Every structure is written in structure tokens, then in C-alpha cells.
Amino acid sequence: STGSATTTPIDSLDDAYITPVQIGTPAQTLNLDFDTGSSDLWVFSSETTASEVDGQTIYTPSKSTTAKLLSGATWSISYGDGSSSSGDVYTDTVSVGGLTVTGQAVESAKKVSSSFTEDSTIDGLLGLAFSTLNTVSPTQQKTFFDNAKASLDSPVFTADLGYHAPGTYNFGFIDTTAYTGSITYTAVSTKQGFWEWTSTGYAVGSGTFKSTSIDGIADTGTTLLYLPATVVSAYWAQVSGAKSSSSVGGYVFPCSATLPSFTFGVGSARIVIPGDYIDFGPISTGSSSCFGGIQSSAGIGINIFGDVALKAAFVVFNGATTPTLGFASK
């Protein structure tokens, strides 16, 4: 089997991407944030505290003939941005772009933190990291990809995120028309439960490539590119007027600037992030100070190849017995 679904930016900045997901019988379609940095599939629901729902579409298990309470199971998750959610668990039928899993754990939110409530466009998350990170207790549950894998034509999914435009998540096949050149594959460590790999270096604009190992995670659920302070300083030093602002919470730059590109290495191959991808617009409405799309990972504890990086590539998440990551230009 295979699946193919379009993923769409939630706003004009590509702050996140939503992909329609069918849950239950008859189908209830929710727009979920596919997140390769976590491993819970959770949804706004009929059980969510009413004051914490503001415009999201909810899953109502009582209206699904295939929903079953997973007795005794609870979940609770916290994300790198400080947000969180928790609740109980059902199993139900879940389909993504024509690909169907029966008995998928659907984690129903009883509580969500303010940032989720405040984002009316995201109805929940669909985790695509390794199932060892799944928070369900006392019986850990598998991700949608883990459950589908055996049935897939090939044990892979691909992320093809757009810049200010829709893109695609495919399951079970590699669309050879979706990228240019060849796909370069690179080793993955699953020891922290992430799609963790090592970039071979970087360049700023038309500058020379610096060969240096940068361990990080491929994370579709993180908006920006978080890299070591040395790398980030080298980038922003090329932008007149750019500075790190403690009050804003990262590097800012004059909105009048033209940003240089940023290149990262994948083995001997190179992925180029155009400068425009690194512009996240005014820090506040009407400001001429703009927020940077490359930020320091210092104090995160891990480097994160978020959407800023991933959307410059066609990315293969290879879930073979020994997982690997592939990157191609597009």
C-alpha cells in the first residue's frame, strides 16, 4: 500500500504545516501537524476542556462506530517550545492520503496548553519519530508509520514541504519526479528516539564550505533551524544590522535586508536554503525589526533541522531495519 497527502502552511510565514487526516467511521477529518520530532498522535476532542477549544475541529469518539476506549491508558506530553497536552486514549481507524491503519492509538486531549488553544488551524499532532518516545502509559503505543510499515510497498515516508506553498507527505514510495539530481542517504541514530543524523558542514551565502560535524534531528514539527552558536554567529555576521536580542529571544535583523543563503552538508552533497526562507517577518506587527529563521541551539541541548532546512529539500525518512535519512535538492 501507499498514501499521499498534501500538507499546507498554516499562515504566511510557514510557521507550521497541516495535513488532513481521516479518523473514525464515518470519517472525521482533522488537520494535523505531522511531527517527525515526536511520537504521539493526539487530537482536540469532545473531551477537551471547553475553555481550551477555540476554533479547532474536534474528534468525537462516541460518533465513531470503530472507536474503542483503550482502558486505563493516559498520555501527557511537553514540547520544546514549552507547550503541552494530556488526556486518555482510544483506538480507531486512521487514514492519511488513502493509506489506512486500523487499531491506531488516537490520543484524546482532555487538556491543552495556551499555545494550542490559540492556534485554531491545528487540530492535533501526528508523531513520526520513533515509537520509543510515545508517552502512552502504562502500555506504550506505536506511531501511525510504525503501524503502517509492514503493509507499505517500501518502509519509508517522505516530506516535501513547500516554501509559502503546499507540499506533500508520501508513505510507502519515493516519487522520483519530486526532486532533482540524486538522493544522498546518511546514517541515523535512534538512541534518543529521533531521526538524528550528522551534517558534514555549512556555508554562508557564496562563502567557502566549512567541513565540520553537526549532530542534529530532522524535525518537521519545529519551524526554524537551530544550530550551534558559532555557526549562527557566522551566518548573522553577514547581515548588516543583525543582532541577538535577549528581549526578543533570538537573532533579529533589519526588515530591509536581503538575506544570504545557508548551505548544509549531507555527506558530500549540499542543500541550499535560499535567503528568503530565513525571513520570519516583523517581530511584532508593523515593526521594521524582523525575526531570523536560523537561531542558536545553545541551551536546547540538541541541534534541530526544522522546517527552514527541510523545506529546501526532498527528505526520505527510511524506516528499514537500519533506518537512514535521505536528502535531495528540488
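Above this text is the structure in question.
Describing the overall build of the protein
Turning to step 1, where the next piece is worked out: When helices and strands are tallied, the protein shows four helices and 24 strands.
Turning to step 2, where the next piece is worked out: On the principal axes, the C-alpha backbone points of the protein span a range of 60 × 45 × 30 Å.
Turning to step 3, where the next piece is worked out: Within the protein, residue pairs in contact and separated by at least 24 positions form 66% of the contacts whose partners lie at least 6 positions apart.

Brief notes about unusual backbone geometry
Turning to step 1, where the next piece is worked out: Each neighbour pair has its own omega, and for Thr25 with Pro26 the value is -5 degrees, a cis peptide bond.
Turning to step 2, where the next piece is worked out: Mapping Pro26 onto the fold places it in the loop between strand 2 (17–23) and strand 3 (28–35).
Turning to step 3, where the next piece is worked out: Geometrically, the link from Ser137 to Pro138 is a cis peptide bond, its omega value of 5 degrees lying close to zero.
Turning to step 4, where the next piece is worked out: Along the chain, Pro138 turns up in the loop between strand 8 (124–127) and helix 2 (144–148).
Turning to step 5, where the next piece is worked out: If you check the backbone angles, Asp14 has positive phi at about 60 degrees while not being a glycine.
Turning to step 6, where the next piece is worked out: Among the secondary structure elements, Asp14 is positioned in the loop between strand 1 (3–9) and strand 2.

Observations concerning the side chain of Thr36
Turning to step 1, where the next piece is worked out: For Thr36, the location among the structural elements is in the loop between strand 3 and strand 4 (41–43).
Turning to step 2, where the next piece is worked out: On the basis of relative accessible area, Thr36 is assigned to the buried category, the value being 0%.
Turning to step 3, where the next piece is worked out: Those residues in contact with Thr36 that lie beyond four places of it in its chain are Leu128, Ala129, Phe157, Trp195, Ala218, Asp219, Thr220, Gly221 and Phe317.

Observations concerning the nonpolar core
Most often, soluble globular proteins keep nonpolar side chains buried together rather than apart.
Turning to step 1, where the next piece is worked out: Counting residues in each nonpolar core, the largest one holds 73 residues, and the members touching the most others are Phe171, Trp236, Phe262, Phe264, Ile273 and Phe327.
Turning to step 2, where the next piece is worked out: Membership of the second largest hydrophobic core comes to 16 residues, among which are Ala73, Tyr79, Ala105 and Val112.

How each quantity is defined
- Residues numbered from 1 in each chain as written, not as in the entry; some residues may be left out.
- Heavy atoms only, no water.
- Residues with missing side-chain atoms left out of burial classes, pairs and counts.
- Helix = DSSP H or I, 4+ residues; strand = E, 2+ residues; numbered from the N terminus.
- Contact = heavy atoms within 4.5 Å.
- Buried < 20%, exposed > 50% of the residue type's maximum accessible area, 1.4 Å probe, protein only.
- Core = buried A, V, L, I, M, F, W, Y, C linked by side-chain atoms within 4.5 Å.

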